[PDB]
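[1] model this:
(one chain, ligands or ions: 1)
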Amino acid sequence: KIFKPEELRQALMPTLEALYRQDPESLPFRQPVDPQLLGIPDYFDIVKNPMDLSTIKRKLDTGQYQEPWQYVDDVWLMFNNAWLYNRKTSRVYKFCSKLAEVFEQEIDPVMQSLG
Ligand SMILES: C[C@@H]1CC(=O)Nc2cc3cc(c2N1)/C=C/CCCN1CCCc2ccc(cc21)OCCNC3=O
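    Numbering: from 1, shown residues only. Take a look:
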């Protein structure tokens, strides 16, 4: 099966918007990690490939996903980085877990519709 970029954008954008609309839980994830500004300069000793909502938005808007699972992989990358770098007791970790629950509710029916 072939997916045109505008079909992916149409189908997937509501699931990305649902993540943005979690307030305050999306706030750690709305911008690319800047380790010096955030006071976490060792970040890229732990995480290699950063991901955030603004980068996913741009990739969706510019046709950078061939297949819907490439979009899922980037959201999962964003979550994995946060669950790796931050302690289980931390705000960022807990906010990530909230977003992950919302993401399932959004993406699971879409992925099944898209086949
Ligand atoms: C996903 C990304 C990277 C990560 O995996 N862990 C984080 C750690 C800190 C901060 C963030 C993280 N998210 C991003 C946070 C939200 C920014 C909210 N704002 C709003 C403006 C004022 C302010 C001041 C200090 C601050 C956050 C802060 O936090 C200092 C130490 N930062 C983290 O510990």
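[2] Any part of stretch 34-51 near the ligand?
    Yes: counting by Cβ under 6 Å from any ligand atom, the ligand has neighbours in stretch 34-51: 38-40. Every C-beta, even on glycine, is put in place using the N, C-alpha and C of the backbone.
[3] cool, and stretch 87-97?
    Yes: judged by Cβ under 6 Å from any ligand atom, stretch 87-97 and the ligand are in contact via residue 92.
[4] Contacts for that stretch, please.
    Here stretch 87-97 makes contact (Cβ atoms under 8 Å, 6 or more residues apart in numbering) with 22, 24-29, 79, 82-83, 86.
[5] List just the nearest of these to the ligand.
    residue 28 (3.6 Å; Cβ to the nearest ligand atom).
[6] Once you drop chain neighbours, what's closest to the closest one?
    Distances taken as Cβ to Cβ, 6 or more residues apart in numbering place residue 92 nearest to residue 28, at 4.7 Å, with adjacent residues excluded.
[7] buried ones in the helix or strand where the one you found lies?
    Assessed by DSSP states H and E, residue 92 sits inside helix 91-114. Neighbour counts over helix 91-114 (16 or more other Cβ atoms under 10 Å) mark 92-93, 95-96, 99-100, 102-103, 106-107, 111, 114 as buried.
[8] next one: stretch 20-38
    Using 16+ other Cβ under 10 Å as the test for burial, stretch 20-38 gives 22, 25-26, 28-29, 33.
[9] wait, doesn't residue 77 sit right on residue 48?
    No: checked against Cβ atoms under 8 Å, the pair residue 77 and residue 48 is beyond contact range at 9.9 Å.
[10] higher neighbour count, these two?
    residue 77 (18 against 8; other Cβ atoms under 10 Å).
[11] which ones are touching the more buried one?
    49, 51.
[12] where does it fall, phi/psi-wise?
    phi -60, psi -50 (degrees, to the nearest 10).
[13] Equivalent analysis for the one 5 residues further on, please.
    When read as degrees, to the nearest 10, the backbone of residue 82 gives phi -70, psi -40.
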